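Here's the structure, in structure tokens; my notes come after.
Positions of Cβ are generated from backbone atoms using ideal geometry, with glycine treated the same way; all protein chains shown enter the neighbour counts. What follows draws every value from the coordinates through simple rules; no lab data is involved.
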Protein chains: 2
Amino acid sequence: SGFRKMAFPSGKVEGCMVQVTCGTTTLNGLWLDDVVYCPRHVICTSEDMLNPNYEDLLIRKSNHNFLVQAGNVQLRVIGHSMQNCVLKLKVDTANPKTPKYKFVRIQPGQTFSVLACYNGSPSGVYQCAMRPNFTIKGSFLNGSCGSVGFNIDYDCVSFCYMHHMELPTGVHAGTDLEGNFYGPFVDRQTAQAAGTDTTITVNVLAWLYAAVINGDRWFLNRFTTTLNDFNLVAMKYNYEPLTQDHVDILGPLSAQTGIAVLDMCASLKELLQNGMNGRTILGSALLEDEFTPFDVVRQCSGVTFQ
Amino acid sequence: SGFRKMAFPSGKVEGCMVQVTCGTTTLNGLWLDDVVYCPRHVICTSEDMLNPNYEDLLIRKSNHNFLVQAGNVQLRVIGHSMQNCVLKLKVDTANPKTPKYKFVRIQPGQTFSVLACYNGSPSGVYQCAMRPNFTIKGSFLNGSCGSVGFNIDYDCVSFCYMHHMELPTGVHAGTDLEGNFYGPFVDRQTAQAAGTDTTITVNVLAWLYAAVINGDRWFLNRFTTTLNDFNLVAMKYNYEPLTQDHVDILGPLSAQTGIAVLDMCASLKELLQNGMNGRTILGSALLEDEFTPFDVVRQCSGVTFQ
Ligand SMILES: *[C@H](O)[C@H](C[C@@H]1CCNC1=O)NC(=O)[C@H](CC(C)C)NC(=O)OCc1ccccc1
Ligand SMILES: *[C@H](O)[C@H](C[C@@H]1CCNC1=O)NC(=O)[C@H](CC(C)C)NC(=O)OCc1ccccc1
């Protein structure tokens, strides 16, 4: 038993990270087959980042202006193109460590692992969730751009995130691997407000089920509720509304614990109105929403990968 | 900026995990050079685990009773010996993925990454601390034994933990890689009490420094204190006493933030006596003690590894 914020094993992604240098700027790239993907602001200087015209900046760059390094080996760039906010550098060498991979654009509330890198070398791995306002609460410093977020499905790595920027409020924004930003953000150094950050209700419920599986049952009450009555309370506390699809997704967790979803909603309603009164749940004094129902099943059943 | 519970990249350890089967029992082994390390209770049946005599049980086992599998490849066992609570199986093939490695026995308060495995395949990675009572608060199910804890120092993997058992209270116990248990535990299925779990004060202070580096300064007060006066308050709340060595270790964090260690101790003293009043620090409503001063420097400066 026990419950931890668990990241995916990073071995399959570590072998795909390279260092990309253009002039003075160095960030990380993702080397898959004979293509390196990296944020397009690698072609910017520090003054270009206030109001970059990426088309005009890219005209003055040739293949030989991009230095791609995989540890101590040099990759020769034989072609380059811009796809939305990412650059695709065609190199002369296919990555021999290329895993089975897929590009996926995730939905808010879904979780993934981030392999934080600097100069193309892994620094650490952690788990996070795409917030409802399309930000992530990450840990990134200068030089971390090009670090990727991923999920693993048995033997297939699903890349879903590439890091680009930090907002003035301390949260982080990036793109999918086709270069499309999550949310309304643009890759320029300007004031950009993020919307309201709401709590992922279906994830909180899955975490409460994980608590019951692990022996924390003090929050279970004798009340029940309805979907409409719960959502009326949930909206007041900036919680995401619960839908029938969410109830179906929680179905297997409800069957394993013998606690109906609406009964768990009533327990959550009491926690939202009266607080936790200094108590803790799974070692936390707040309601955690960065575990999906799948994350809970995966950790409480011991799913493994290639 | 930002701060996350960050684990080490697991790639170098994933290539060392194998599956070890003896009769009906299957757990994980660590394959380094031509030696596989695994918990010795792999030779037990379910009834042997109440009161195992490991010497008598091992007499009835030959080399060919141990089935070692690295994915789909079979390793031939050419020798076996018991070193404390671990078995060393000599195999005919040296692991070609053997990294630069070291065996280290860690001290309470130190942190490390756990690669949770089942059937020799990685399931996930998370960060934890050796508690002062020599337990860890992990996430382990049946079949997880032989999973290892590790640190990375540039290119060298330091193995410090191998998982063996879960206590009735839900916490976890294991050995170093020489088979010596952390704490007074023994590998038999019997009631074993753990001591009082105290809070690692030096780790809390490092985490408060990480909060200041990341813009959370509401808890900073105008008071200071002395080491003796702080420890008098710390002992009442089951906090580990702070020593002069701890002050020296926090030195670099104190110099980077311009906040003297004793001034931070006064802020902690106020948090212990008056609580946090519903506020949060780095997104937590409790005082976190699973970040060492080195972990904080490493994450806030972007240290990378091979
Ligand atoms: C890429 O490595 C870097 C990552 C940042 C550095 C601090 N933390 C991060 O996540 N990204 C940038 O420097 C990025 C580049 C633009 C061309 C998009 N800008 C950025 O994040 O600036 C921070 C900021 C911008 C505007 C107002 C306040 C802060
Ligand atoms: C090895 O895979 C396994 C790991 C356990 C299973 C549940 N969570 C874990 O961490 N270890 C054992 O089954 C271990 C074997 C003995 C020979 C040491 N026993 C164990 O942890 O039993 C749990 C327990 C023992 C006594 C009282 C209450 C619970």
Identify the single condition in (1) in contact (Cβ under 8 Å) with a residue 60 or more places away in the chain; (2) more than 20 Å from B:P293 (Cα to Cα); (3) of a type in the set (V, I, T) that B:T198 does not satisfy, given that it satisfies every other one.
(2)
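The rows are residues; the columns are (1) small (G, A, S); (2) within 20 Å of the chain's Cα centre (by Cα); (3) away from ligand 2 (no atom under 16 Å from the Cβ); (4) within 30 Å of B:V13 (Cα to Cα).
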site	(1), (2), (3), (4)
A:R4	no, yes, no, yes
A:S10	yes, yes, yes, yes
A:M17	no, yes, yes, yes
A:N28	no, yes, yes, yes
A:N51	no, no, yes, no
A:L58	no, no, yes, no
A:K61	no, no, yes, no
Filter result for B:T243 (away from ligand 2 (no atom under 16 Å from the Cβ), at negative phi and in contact with a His (Cβ under 9 Å, 6 or more places away or on another chain))
no
Go over the candidates A:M235, A:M165 one by one and state the one that is farther than 26 Å from A:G283 by Cβ and not in a helix (DSSP H, G or I).
A:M165
Given (1) assigned to a loop (DSSP other than H, G, I, E, B); (2) crowded, with 23+ Cβ neighbours inside 10 Å; (3) touching a strand residue (DSSP E or B) at 6+ places or on another chain (Cβ under 8 Å), where does A:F3 come up short, assuming only one miss?
(3)
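One line per residue, one yes/no per condition, for (1) near ligand 1 (Cβ under 10 Å from one of its atoms); (2) without any contact (Cβ under 8 Å) to a residue 40 or more places away in the chain; (3) touching a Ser or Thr at 6+ places or on another chain (Cβ under 6 Å); (4) of a type in the set (A, V, I, L, M):
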{"residue": "A:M17", "(1), (2), (3), (4)": "no, no, no, yes"}
{"residue": "A:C22", "(1), (2), (3), (4)": "no, no, no, no"}
{"residue": "A:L27", "(1), (2), (3), (4)": "yes, no, no, yes"}
{"residue": "A:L30", "(1), (2), (3), (4)": "no, no, no, yes"}
{"residue": "A:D34", "(1), (2), (3), (4)": "no, no, no, no"}
{"residue": "A:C38", "(1), (2), (3), (4)": "no, no, no, no"}
{"residue": "A:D48", "(1), (2), (3), (4)": "yes, yes, no, no"}
{"residue": "A:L57", "(1), (2), (3), (4)": "no, yes, no, yes"}
Mind listing whichever residues of segment B:23-51 are surrounded by fewer than 21 Cβ atoms within 10 Å (Cβ to Cβ) and either within 12 Å of chain A (Cβ to nearest Cβ) or not in a loop (DSSP other than H, G, I, E, B) (or both)?
B:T25, B:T26, B:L32, B:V35, B:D48, B:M49, B:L50
When restricted to A:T225, A:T280, A:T257, the only residue farther than 20 Å from A:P132 by Cβ, out of contact with any helix residue (DSSP H, G or I) (no Cβ under 9 Å at 6 or more places or on another chain) and among the hydroxyl-bearing types (S, T, Y) is A:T280
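If we scan segment A:68-77, do we find a residue that is part of a strand (DSSP E or B) and either among the acidic types (D, E) or within 12 Å of chain B (Cβ to nearest Cβ) (or both)?
The answer is no; no qualifying residue exists.
Can you tell which of A:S147, A:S139 is touching a helix residue (DSSP H, G or I) at 6+ places or on another chain (Cβ under 8 Å) and either among the hydrophobic types (A, V, I, L, M, F, W, C) or surrounded by 17 or more Cβ atoms within 10 Å (Cβ to Cβ) (or both)?
Working: A:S147 fails: touching a helix residue (DSSP H, G or I) at 6+ places or on another chain (Cβ under 8 Å).
From the options A:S147, A:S139, the qualifying one is A:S139.
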Take B:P52 and decide whether it is closer than 22 Å to B:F159 by Cα and in contact (Cβ under 8 Å) with a residue 40 or more places away in the chain.
no
When residues of segment B:178-206 are filtered for being polar (S, T, N, Q) and within 16 Å of ligand 2 (Cβ to nearest atom), how many remain?
4
I'm trying to understand the selection: among the residues of segment A:273-296, which are within 14 Å of another protein chain (Cβ to nearest Cβ), part of a helix (DSSP H, G or I) and either small (G, A, S) or crowded, with 17+ Cβ neighbours inside 10 Å (or both)?
A:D295, A:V296
Residue count, segment B:124-162, condition assigned to a loop (DSSP other than H, G, I, E, B) and either aromatic (F, W, Y) or away from ligand 2 (no atom under 13 Å from the Cβ) (or both), comes to 8
With the structure loaded, tell me whether A:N133 is under 13 Å from the mean Cα position of the chain (by Cα) and over 29 Å from B:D153 (Cβ atoms) or whether it fails that test.
yes
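When you check B:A266 against the structure, is it within 30 Å of A:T169 (Cβ to Cβ), more than 25 Å from the chain's Cα centre (by Cα) and surrounded by fewer than 17 Cβ atoms within 10 Å (Cβ to Cβ), yes or no?
Taking the combined requirement at face value, the residue does not satisfy it.
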Among the residues that make up segment A:97-110, is at least one of them touching a helix residue (DSSP H, G or I) at 6+ places or on another chain (Cβ under 8 Å) and in a strand (DSSP E or B)?
no
Would you confirm, using the coordinates I've provided, whether A:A194 is more than 18 Å from A:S46 (Cα to Cα) and either assigned to a loop (DSSP other than H, G, I, E, B) or touching a helix residue (DSSP H, G or I) at 6+ places or on another chain (Cβ under 6 Å) (or both)?
yes
In the set A:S123, A:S158, A:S113, which member is more than 16 Å from ligand 1 (Cβ to nearest atom) and surrounded by 24 or more Cβ atoms within 10 Å (Cβ to Cβ)?
A:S113
Search result, residues across segment A:1-22 that are within 11 Å of another protein chain (Cβ to nearest Cβ) and among the polar types (S, T, N, Q)
A:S1, A:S10, A:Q19
Among the listed residues A:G195, A:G183, A:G149, which satisfies the condition of being away from chain B (no Cβ under 14 Å), within 16 Å of ligand 1 (Cβ to nearest atom) and over 22 Å from A:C22 (Cα atoms)?
A:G183
So, of the residues in segment A:168-177 that are assigned to a strand (DSSP E or B) and either hydroxyl-bearing (S, T, Y) or farther than 16 Å from B:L282 by Cα (or both), which turns out to be nearest to ligand 2 (Cβ to nearest atom)?
A:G174
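Quick grid of which residues meet (1) in a helix (DSSP H, G or I); (2) within 24 Å of A:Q110 (Cβ to Cβ); (3) not hydrophobic (A, V, I, L, M, F, W, C):
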| position | (1), (2), (3) |
| --- | --- |
| A:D216 | no, no, yes |
| A:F223 | no, no, no |
| A:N228 | yes, no, yes |
| A:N231 | yes, yes, yes |
| A:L242 | no, yes, no |
| A:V247 | yes, yes, no |
| A:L268 | yes, yes, no |
